[PDB]
Amino acid sequence: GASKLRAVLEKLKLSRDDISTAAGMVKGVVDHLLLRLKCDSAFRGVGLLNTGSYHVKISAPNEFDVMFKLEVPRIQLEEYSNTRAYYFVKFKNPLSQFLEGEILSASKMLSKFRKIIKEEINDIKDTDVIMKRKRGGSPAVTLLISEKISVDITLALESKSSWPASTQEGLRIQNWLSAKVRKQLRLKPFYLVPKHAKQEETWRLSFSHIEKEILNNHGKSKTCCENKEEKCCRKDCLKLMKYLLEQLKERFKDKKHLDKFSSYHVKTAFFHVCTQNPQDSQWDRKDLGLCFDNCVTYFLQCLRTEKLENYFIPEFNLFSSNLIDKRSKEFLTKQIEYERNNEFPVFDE
Ligand SMILES: O=C(O)c1cc(-c2ccccc2O)nc2c(Cl)cccc12
Ligand SMILES: [Zn+2]
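Residues numbered from 1 in each chain as written, not as in the entry; some residues may be left out. Chains lettered and ligands numbered in written order. Heavy atoms only, no water.

1. Here's the deal with the overall build of the protein chain
Using the following cut-off: Secondary structure elements follow DSSP: runs of H or I of four or more residues count as helices, runs of E of two or more count as strands, with numbering from the N terminus. Restricting the calculation to C-alpha atoms gives the radius of gyration, and the globule rule supplies 2.2 Å times the number of residues raised to the power 0.38. The buried label goes to any residue with under 20% of its type's maximum accessible area, the exposed label to any with over 50%, and the partly exposed label to all in between, with areas taken from a 1.4 Å probe on protein chains only. When charges are tallied, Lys and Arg are placed among the positive residues and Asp and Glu among the negative ones, while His and the ends of the chain are skipped. To locate a charge, the coordinates of NZ of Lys, CZ of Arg, CG of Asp or CD of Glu are taken.
Along the backbone of the protein chain there are 9 helices and 12 strands. Expected size for 349 residues packed as a compact globule is a radius of gyration near 20 Å; at 21 Å, the protein chain falls within 12% of this value. Relative to its full complement of 349 residues, the protein chain shows a buried share of 49%. Between the centroid of the 61 positive side chains of the protein chain and the centroid of its 47 negative side chains there is a distance of 2 Å.

See below:
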């Protein structure tokens, strides 16, 4: 049981250099775009947000996520219709061209963003890239690099203001990472990505920079995982949870039953389990089997109760029916429940 999970992690390490070399060209292309974008007055202050293990984030087997941040001077937010996560953007400048009255148009800003990138990909066709526009608005643009590697590029407005009121009861890390750290983290900027709600000129809050920071400095002890005496299995548990969902989606690709589920749901439930299990002694590497069952069991509870709170916006249920069919949640409950009750045969060789 424990050795089966260690074998999965060892197998996942086998592609460590196939995803390290892929991201090395993603970073090549992305820095190419970052300059062209800086020639435009609206995106002059654009920069790469630190969101991944490489600016380059990996959320799939071999497909990448990159965010472009844009320092937007003092912003005023108006919450869209009690959604707690979707907002209109206003001011109190080079983004003047994108207003529709007092509101910043996301679709307008997004469109010029695309026009700039589709020209850069096509003009220097001397680099083998094309782009397929996905449906979310986030991701803004998807680039296929040599018909194998995929990179999602997200535009995001940076606000150095205090976090909006919907987050004031979120980031419940006080018993785990401390109140000192929670105060430090909430003095950092927050981001807004163009996302329509289910359509409008709305923006959605994003804290992927905070997520990376609490994954890479994840212990109650400041020296967690910096020496042989303090090796926890937090990151391994999150890896196995992502891989469990990835493998299940493959198995049920015949009907795409599980297509509404995302590694973000798995990552969100894993942060709630860290809150629930705050001591590094609850994540001792030798207890991997038990720590993974703790993660799986909480995710099942979320599926069965149809409630997975956003870690930063607790009134935003990622598992609400507005977002995910009741039939799909019940489906995945049954499949994860089977996997757990039988020592995860999806991990068999
Ligand atoms: O960038 C982020 O922090 C981020 C936020 C959210 C989110 C935020 C508010 C309400 C609902 C959401 O689903 N979803 C994400 C997904 Cl699904 C994938 C990757 C990143 C994110
Ligand atoms: Zn650790």
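2. Points about the nonpolar core
To be explicit about the condition: As used here, the term nonpolar core means buried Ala, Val, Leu, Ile, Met, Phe, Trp, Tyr and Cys residues forming a set that is joined through side-chain atoms within 4.5 Å. Contact criterion: two residues are considered in contact whenever any of their non-hydrogen atoms come within 4.5 Å of each other.
Ranked by size, the top nonpolar core spans 107 residues in total, and within it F43, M109, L143, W283, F292 and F347 carry the most contacts. Dropping the residues within four chain positions of it, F347 is found in contact with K4, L5, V8, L240, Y243, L244 and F292. Core analysis: the second largest hydrophobic core is formed by 5 residues, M67, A156, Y191 and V193 among them.

3. Digging into the domain arrangement of the protein chain
Where we set the bar: The split of the chain into domains comes from an automatic or database domain assignment. We define a salt bridge as a side-chain nitrogen of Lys or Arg found within 4 Å of a carboxyl oxygen belonging to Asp or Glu. N or O atoms closer than or at 3.5 Å make up a polar contact, with two conditions inside protein: a donor-capable atom paired with an acceptor-capable one, and, for residues adjacent in sequence, both atoms drawn from side chains.
With domains assigned, the protein chain is organised as domain 1 (1-14 + 163-189 + 207-349) and domain 2 (15-162 + 190-206). Residue-level contacts link 23 residues of domain 1 with 29 residues of domain 2. Counting every contact that joins domain 1 to domain 2 gives 1 salt bridge. At the junction of domain 1 and domain 2, the tally comes to 8 residue pairs in polar contact.

4. Here's the deal with the pairing of strand β5 (residues 86-90)
This is how the line gets drawn: Strand pairing is assigned whenever DSSP detects at least two bridges linking the two strands.
Of all 5 residues in β5, 5 are buried, a share of seventy percent or more. Of the two faces of β5, both are covered, the one formed by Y86, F88 and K90 as well as the one formed by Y87 and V89. As paired strands, strand β4 (residues 76-79) and β5 are joined by 4 bridges and run antiparallel to one another. Paired with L77 across the two strands is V89, which belongs to β5. Taken together, β4 and the strand that follows it, β5, pair antiparallel across an intervening segment of 6 residues, in which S81 is found at a positive phi of about 60°.

5. So, the side chain of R186
By secondary structure assignment, the location of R186 is in helix α4 (residues 179-186). Although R186 is buried, it forms no salt bridge, and the closest oppositely charged side chain is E169 at an N-O distance of 8.1 Å. Once residues lying within four places of it in the same chain are set aside, the contact partners of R186 are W163, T167, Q168, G170 and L171.

6. So, the packing of aromatic side chains
Inclusion rule: When the centres of two rings from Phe, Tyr and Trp lie within 6.5 Å, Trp using its six-membered ring, the rings pair. Their planes under 30 degrees apart give stacked, over 60 give edge-to-face, and anything left gives tilted.
According to the stated counting rule, one finds 21 aromatic pairs in the structure shown. An angle of 85° between the planes, with centres 5.8 Å apart, marks the rings of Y80 and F88 as edge-to-face. Overall, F88 belongs to the buried group, its relative accessible area being 12%. Both rings, one in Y86 and one in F316, keep their centres 6.3 Å apart while their planes meet at 50°; by these two values the pair is tilted. Note on accessibility: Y86 and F316 belong to one class, buried. Connected via pairs of aromatic rings, a cluster forms that spans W163, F190, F207, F270, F271, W283, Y311 and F312.

7. Things to note about the coordination of the zinc ion (ligand 2)
Definition in use: For Na, K and Ca the donor cutoff is 3.2 Å, while for all other metals N, O and S atoms must lie within 2.8 Å; water is not among the atoms, so some sites may look incomplete.
Ligation of the zinc ion (ligand 2) by protein atoms is provided by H218 (NE2), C224 (SG), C225 (SG) and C232 (SG), these donors lying 2.1 to 2.3 Å from the ion. Sequence positions of the residues that donate to the zinc ion (ligand 2) give the spacing H-x5-C-C-x6-C.

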